[PDB]
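The data block below is data.txt; it holds compact mmCIF, N, CA and C atoms.
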```txt
# COMPACT_ATOMS: atom_id res chain seq x y z
N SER A 1 -76.25 7.30 -11.39
CA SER A 1 -75.06 6.74 -10.71
C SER A 1 -75.33 5.31 -10.25
N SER A 2 -74.96 4.34 -11.08
CA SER A 2 -75.21 2.94 -10.79
C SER A 2 -74.13 2.37 -9.89
N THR A 3 -74.54 1.58 -8.91
CA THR A 3 -73.62 0.90 -8.02
C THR A 3 -73.17 -0.42 -8.65
N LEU A 4 -71.93 -0.45 -9.12
CA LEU A 4 -71.40 -1.64 -9.78
C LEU A 4 -70.74 -2.55 -8.75
N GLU A 5 -71.51 -3.50 -8.24
CA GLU A 5 -71.03 -4.41 -7.20
C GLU A 5 -70.82 -5.81 -7.76
N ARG A 6 -69.57 -6.17 -7.98
CA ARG A 6 -69.22 -7.50 -8.47
C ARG A 6 -68.07 -8.08 -7.65
N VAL A 7 -68.41 -8.70 -6.53
CA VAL A 7 -67.40 -9.27 -5.65
C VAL A 7 -67.10 -10.72 -6.05
N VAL A 8 -65.86 -11.13 -5.86
CA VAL A 8 -65.45 -12.48 -6.22
C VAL A 8 -65.22 -13.34 -4.98
N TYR A 9 -65.96 -14.43 -4.88
CA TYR A 9 -65.78 -15.40 -3.81
C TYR A 9 -64.94 -16.56 -4.33
N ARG A 10 -64.03 -17.05 -3.52
CA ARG A 10 -63.13 -18.12 -3.94
C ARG A 10 -63.71 -19.49 -3.65
N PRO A 11 -64.05 -20.26 -4.70
CA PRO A 11 -64.50 -21.64 -4.57
C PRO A 11 -63.33 -22.58 -4.32
N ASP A 12 -62.46 -22.18 -3.41
CA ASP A 12 -61.26 -22.94 -3.07
C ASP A 12 -61.08 -22.95 -1.57
N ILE A 13 -62.18 -22.75 -0.86
CA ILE A 13 -62.13 -22.58 0.57
C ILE A 13 -62.86 -23.72 1.29
N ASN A 14 -62.29 -24.17 2.39
CA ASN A 14 -62.88 -25.22 3.20
C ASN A 14 -63.26 -24.66 4.57
N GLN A 15 -64.52 -24.30 4.72
CA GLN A 15 -64.98 -23.67 5.94
C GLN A 15 -65.84 -24.63 6.76
N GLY A 16 -65.21 -25.68 7.28
CA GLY A 16 -65.91 -26.61 8.13
C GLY A 16 -65.86 -28.03 7.62
N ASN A 17 -66.79 -28.85 8.11
CA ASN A 17 -66.90 -30.27 7.76
C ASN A 17 -65.72 -31.07 8.31
N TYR A 18 -64.59 -30.99 7.63
CA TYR A 18 -63.41 -31.75 8.01
C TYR A 18 -62.22 -30.81 8.16
N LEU A 19 -61.14 -31.32 8.74
CA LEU A 19 -59.92 -30.55 8.88
C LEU A 19 -59.04 -30.75 7.65
N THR A 20 -58.41 -29.69 7.19
CA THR A 20 -57.52 -29.77 6.05
C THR A 20 -56.21 -30.46 6.43
N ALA A 21 -55.65 -31.22 5.50
CA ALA A 21 -54.41 -31.96 5.76
C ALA A 21 -53.26 -31.01 6.04
N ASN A 22 -53.20 -29.94 5.27
CA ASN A 22 -52.16 -28.93 5.43
C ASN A 22 -52.31 -28.21 6.77
N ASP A 23 -53.54 -28.16 7.26
CA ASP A 23 -53.84 -27.47 8.52
C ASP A 23 -53.31 -28.26 9.70
N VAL A 24 -53.48 -29.58 9.65
CA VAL A 24 -52.95 -30.46 10.69
C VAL A 24 -51.43 -30.48 10.65
N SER A 25 -50.87 -30.16 9.49
CA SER A 25 -49.43 -30.14 9.31
C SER A 25 -48.80 -28.88 9.92
N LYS A 26 -49.64 -27.97 10.41
CA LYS A 26 -49.16 -26.74 11.02
C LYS A 26 -48.44 -27.01 12.34
N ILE A 27 -48.93 -28.01 13.08
CA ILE A 27 -48.39 -28.31 14.40
C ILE A 27 -47.17 -29.22 14.31
N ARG A 28 -46.63 -29.61 15.46
CA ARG A 28 -45.46 -30.47 15.51
C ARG A 28 -45.35 -31.19 16.84
N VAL A 29 -44.36 -32.07 16.96
CA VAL A 29 -44.08 -32.76 18.21
C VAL A 29 -43.45 -31.79 19.20
N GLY A 30 -43.79 -31.94 20.47
CA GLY A 30 -43.29 -31.06 21.50
C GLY A 30 -44.11 -29.79 21.62
N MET A 31 -44.99 -29.57 20.65
CA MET A 31 -45.91 -28.45 20.70
C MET A 31 -46.94 -28.71 21.79
N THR A 32 -47.19 -27.70 22.61
CA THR A 32 -48.08 -27.83 23.74
C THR A 32 -49.54 -27.80 23.31
N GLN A 33 -50.40 -28.38 24.14
CA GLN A 33 -51.84 -28.41 23.91
C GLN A 33 -52.37 -27.05 23.48
N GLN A 34 -51.93 -26.00 24.17
CA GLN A 34 -52.39 -24.65 23.91
C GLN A 34 -52.12 -24.24 22.46
N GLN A 35 -50.91 -24.48 21.99
CA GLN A 35 -50.53 -24.09 20.64
C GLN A 35 -51.14 -25.02 19.60
N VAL A 36 -51.19 -26.31 19.93
CA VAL A 36 -51.82 -27.29 19.05
C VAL A 36 -53.29 -26.94 18.85
N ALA A 37 -53.97 -26.64 19.95
CA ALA A 37 -55.38 -26.27 19.90
C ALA A 37 -55.56 -24.92 19.22
N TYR A 38 -54.60 -24.02 19.42
CA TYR A 38 -54.64 -22.70 18.80
C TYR A 38 -54.57 -22.82 17.28
N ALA A 39 -53.68 -23.68 16.80
CA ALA A 39 -53.47 -23.84 15.37
C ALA A 39 -54.56 -24.68 14.73
N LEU A 40 -54.89 -25.81 15.35
CA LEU A 40 -55.83 -26.76 14.76
C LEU A 40 -57.28 -26.39 15.04
N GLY A 41 -57.50 -25.51 16.01
CA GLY A 41 -58.85 -25.14 16.37
C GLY A 41 -59.47 -26.13 17.32
N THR A 42 -58.62 -26.93 17.95
CA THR A 42 -59.05 -27.96 18.88
C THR A 42 -59.61 -27.34 20.16
N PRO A 43 -60.68 -27.94 20.71
CA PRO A 43 -61.23 -27.53 22.00
C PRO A 43 -60.32 -27.93 23.15
N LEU A 44 -60.47 -27.26 24.28
CA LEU A 44 -59.66 -27.55 25.47
C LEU A 44 -59.87 -28.99 25.93
N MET A 45 -58.77 -29.66 26.25
CA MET A 45 -58.83 -31.04 26.70
C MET A 45 -57.85 -31.27 27.85
N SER A 46 -58.35 -31.84 28.93
CA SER A 46 -57.52 -32.17 30.09
C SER A 46 -58.10 -33.40 30.79
N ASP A 47 -57.96 -34.55 30.15
CA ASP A 47 -58.58 -35.78 30.62
C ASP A 47 -57.87 -36.31 31.85
N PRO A 48 -58.61 -36.46 32.96
CA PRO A 48 -58.06 -36.95 34.22
C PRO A 48 -57.89 -38.46 34.23
N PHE A 49 -58.30 -39.11 33.15
CA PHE A 49 -58.26 -40.57 33.09
C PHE A 49 -56.93 -41.04 32.53
N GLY A 50 -56.24 -40.15 31.84
CA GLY A 50 -54.94 -40.47 31.29
C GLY A 50 -55.02 -40.62 29.80
N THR A 51 -56.19 -40.35 29.26
CA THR A 51 -56.41 -40.42 27.84
C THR A 51 -56.09 -39.09 27.18
N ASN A 52 -54.82 -38.89 26.87
CA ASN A 52 -54.36 -37.64 26.30
C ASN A 52 -54.17 -37.79 24.80
N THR A 53 -55.19 -38.33 24.16
CA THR A 53 -55.16 -38.56 22.73
C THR A 53 -56.16 -37.66 22.01
N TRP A 54 -55.69 -36.95 21.01
CA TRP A 54 -56.55 -36.11 20.20
C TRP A 54 -56.81 -36.79 18.87
N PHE A 55 -58.07 -36.84 18.47
CA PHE A 55 -58.46 -37.55 17.26
C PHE A 55 -58.85 -36.57 16.16
N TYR A 56 -58.21 -36.71 15.01
CA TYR A 56 -58.56 -35.91 13.84
C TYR A 56 -58.56 -36.79 12.60
N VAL A 57 -59.32 -36.38 11.60
CA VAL A 57 -59.39 -37.13 10.35
C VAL A 57 -59.57 -36.19 9.17
N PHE A 58 -58.72 -36.35 8.18
CA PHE A 58 -58.81 -35.57 6.96
C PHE A 58 -58.84 -36.50 5.76
N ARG A 59 -59.06 -35.94 4.58
CA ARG A 59 -59.16 -36.74 3.36
C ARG A 59 -57.82 -36.83 2.65
N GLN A 60 -57.45 -38.05 2.29
CA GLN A 60 -56.21 -38.30 1.57
C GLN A 60 -56.37 -39.54 0.69
N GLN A 61 -57.20 -40.47 1.15
CA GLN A 61 -57.59 -41.63 0.36
C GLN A 61 -59.11 -41.69 0.30
N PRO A 62 -59.72 -40.94 -0.63
CA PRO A 62 -61.17 -40.76 -0.70
C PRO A 62 -61.92 -42.05 -1.06
N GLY A 63 -61.40 -42.80 -2.02
CA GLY A 63 -62.07 -44.01 -2.44
C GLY A 63 -61.24 -44.83 -3.41
N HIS A 64 -61.26 -46.14 -3.21
CA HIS A 64 -60.55 -47.09 -4.05
C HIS A 64 -60.88 -48.51 -3.61
N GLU A 65 -60.94 -48.71 -2.30
CA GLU A 65 -61.26 -50.01 -1.73
C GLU A 65 -62.40 -49.88 -0.72
N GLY A 66 -62.84 -48.65 -0.50
CA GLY A 66 -63.92 -48.37 0.44
C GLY A 66 -63.43 -48.30 1.87
N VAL A 67 -62.48 -49.16 2.22
CA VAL A 67 -61.89 -49.16 3.55
C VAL A 67 -60.42 -48.84 3.41
N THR A 68 -60.12 -47.56 3.43
CA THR A 68 -58.78 -47.08 3.17
C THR A 68 -58.63 -45.67 3.74
N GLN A 69 -58.04 -45.57 4.93
CA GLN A 69 -57.93 -44.30 5.62
C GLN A 69 -56.85 -44.35 6.69
N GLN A 70 -56.30 -43.20 7.02
CA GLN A 70 -55.30 -43.11 8.08
C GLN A 70 -55.88 -42.36 9.27
N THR A 71 -55.72 -42.92 10.46
CA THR A 71 -56.24 -42.30 11.67
C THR A 71 -55.22 -41.35 12.28
N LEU A 72 -55.53 -40.07 12.28
CA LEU A 72 -54.64 -39.07 12.85
C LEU A 72 -54.87 -38.98 14.36
N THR A 73 -53.94 -39.54 15.11
CA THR A 73 -54.05 -39.56 16.56
C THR A 73 -52.88 -38.83 17.20
N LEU A 74 -53.18 -37.84 18.02
CA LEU A 74 -52.16 -37.08 18.71
C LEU A 74 -51.99 -37.58 20.13
N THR A 75 -50.75 -37.66 20.59
CA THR A 75 -50.47 -38.15 21.93
C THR A 75 -49.54 -37.19 22.64
N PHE A 76 -50.08 -36.47 23.61
CA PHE A 76 -49.30 -35.50 24.35
C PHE A 76 -49.19 -35.92 25.81
N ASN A 77 -47.98 -35.86 26.34
CA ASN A 77 -47.76 -36.23 27.73
C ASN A 77 -48.30 -35.14 28.65
N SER A 78 -48.50 -35.50 29.92
CA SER A 78 -49.21 -34.67 30.90
C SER A 78 -48.70 -33.22 31.00
N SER A 79 -47.46 -32.95 30.59
CA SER A 79 -46.95 -31.58 30.59
C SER A 79 -47.57 -30.76 29.47
N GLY A 80 -48.28 -31.43 28.58
CA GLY A 80 -48.95 -30.77 27.48
C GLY A 80 -48.16 -30.85 26.20
N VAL A 81 -47.12 -31.66 26.20
CA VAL A 81 -46.20 -31.75 25.09
C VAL A 81 -46.52 -32.95 24.21
N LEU A 82 -46.83 -32.68 22.94
CA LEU A 82 -47.05 -33.74 21.95
C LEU A 82 -45.83 -34.65 21.90
N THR A 83 -45.96 -35.84 22.46
CA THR A 83 -44.83 -36.75 22.55
C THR A 83 -44.76 -37.67 21.35
N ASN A 84 -45.92 -38.01 20.80
CA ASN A 84 -45.97 -38.91 19.66
C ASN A 84 -47.18 -38.60 18.78
N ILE A 85 -46.98 -38.63 17.48
CA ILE A 85 -48.08 -38.47 16.54
C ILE A 85 -48.32 -39.79 15.82
N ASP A 86 -49.58 -40.17 15.75
CA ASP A 86 -49.97 -41.34 14.99
C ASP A 86 -50.44 -40.92 13.61
N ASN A 87 -49.57 -41.06 12.62
CA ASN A 87 -49.92 -40.73 11.24
C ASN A 87 -49.25 -41.68 10.27
N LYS A 88 -50.01 -42.65 9.77
CA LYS A 88 -49.49 -43.60 8.79
C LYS A 88 -50.57 -43.91 7.77
N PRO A 89 -50.22 -43.90 6.48
CA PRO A 89 -51.19 -44.06 5.39
C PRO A 89 -51.84 -45.44 5.38
N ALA A 90 -53.00 -45.53 4.75
CA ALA A 90 -53.72 -46.79 4.61
C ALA A 90 -53.18 -47.60 3.43
N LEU A 91 -51.86 -47.64 3.31
CA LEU A 91 -51.20 -48.36 2.24
C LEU A 91 -50.18 -49.32 2.83
N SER A 92 -50.66 -50.23 3.67
CA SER A 92 -49.82 -51.21 4.36
C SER A 92 -48.95 -50.51 5.40
N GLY A 93 -49.43 -50.52 6.64
CA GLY A 93 -48.77 -49.82 7.72
C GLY A 93 -49.71 -49.62 8.89
N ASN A 94 -50.42 -48.49 8.89
CA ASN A 94 -51.47 -48.24 9.88
C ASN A 94 -52.70 -49.04 9.49
N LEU A 95 -52.87 -49.18 8.19
CA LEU A 95 -53.93 -49.97 7.60
C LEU A 95 -53.50 -50.35 6.19
N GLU A 96 -54.03 -51.44 5.66
CA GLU A 96 -53.67 -51.87 4.32
C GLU A 96 -54.92 -52.04 3.47
N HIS A 97 -54.73 -52.48 2.23
CA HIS A 97 -55.85 -52.77 1.35
C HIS A 97 -56.73 -53.85 1.99
N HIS A 98 -58.03 -53.63 1.98
CA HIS A 98 -58.95 -54.41 2.79
C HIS A 98 -59.07 -55.85 2.30
N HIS A 99 -58.82 -56.78 3.22
CA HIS A 99 -58.97 -58.22 3.00
C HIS A 99 -57.94 -58.77 2.01
N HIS A 100 -57.18 -59.75 2.47
CA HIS A 100 -56.15 -60.37 1.65
C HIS A 100 -56.75 -61.34 0.64
N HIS A 101 -57.36 -60.80 -0.40
CA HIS A 101 -57.83 -61.61 -1.51
C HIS A 101 -56.76 -61.67 -2.59
N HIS A 102 -56.33 -62.89 -2.92
CA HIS A 102 -55.26 -63.12 -3.89
C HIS A 102 -53.94 -62.56 -3.37
```

I need this file expressed as structure tokens, please.
Amino acid sequence: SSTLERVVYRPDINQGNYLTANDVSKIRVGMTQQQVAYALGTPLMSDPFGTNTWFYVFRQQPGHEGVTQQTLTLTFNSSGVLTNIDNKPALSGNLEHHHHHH
């Protein structure tokens, strides 16, 4: 009686390193710190200095100019409500193609 053990692991999984783009897309504006942290896996934050900004970074522009990325910055007002999200691509806006040559 041979034990036929052939399990399939999915090479399509991201278990750490960086946050997935679709994962950050789970949350929304007006979503409270608790739910944002619940969904994104964010640690508890309650800065008494007034710095209510959450910093995240995912891959969307891996390489082309070397300096090309969008900074995902969350801004929630003291009630815990995401009031503004900072999300703009590195294609002229939050950042552009590095150095105006030609």

### Summary
Closest of A:35, A:94, A:52, A:15 to residue 75 of chain A, counting all atoms listed in the file, is A:52

### Residue contacts of residue 76 of chain A (6.5 Å, only N, CA and C atoms) excluding same-chain residues fewer than 3 positions away, as a list in words
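My reading of the contact set: residues 52, 53, 54, 79, 80, 81, 82, 83 and 84 of chain A.
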
### Query
From the list A:78, A:14, A:71, A:92, which residue is nearest residue 48 of chain A when using only C-alpha atoms?
A:78

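In this model, the gap between atom N of residue 34 of chain A and atom CA of residue 70 of chain A comes to 23.7 Å.
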
### Task
State, in Å with one decimal place, the distance from atom CA of residue 77 of chain A to atom CA of residue 40 of chain A.
18.0 Å

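The coordinates place atom CA of residue 69 of chain A at 24.9 Å from atom CA of residue 45 of chain A.
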
### Message
If we draw a sphere of 10 Å around (-45.7, -30.8, 15.9), which residues have at least one atom in it when counting only C-alpha atoms? Please report them as a ChimeraX atom specification.
### Response
/A:24-32,35-36,74,81-85

### Task
Pick out each residue of segment 32-97 of chain A that DSSP on the backbone tags as strand (DSSP E or B); I need them as a list in words.
residues 32, 53, 54, 55, 56, 72, 73, 74, 75, 76, 77, 81, 82, 83, 84, 85 and 86 of chain A

### Message
Distance cut-off 8 Å, centre (-63.6, -31.9, 8.9) in file coordinates, counting all atoms listed in the file: which residues qualify? Return them as a ChimeraX atom specification.
### Response
/A:15-20,56-59

#### Entry: Given only C-alpha atoms as the counted atoms, nearest of A:3, A:60, A:87, A:51 to residue 73 of chain A
A:87

### Query
Which residue out of A:23, A:39, A:10, A:67 has the minimum interatomic distance to residue 90 of chain A when all atoms listed in the file are used?
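When distances to residue 90 of chain A are compared using all atoms listed in the file, the smallest one comes from A:67.
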
### Message
According to DSSP computed on the backbone, where in segment 8-77 of chain A is there helix (DSSP H, G or I)? Give the residues as a ChimeraX atom specification.
### Response
/A:21-24,33-40
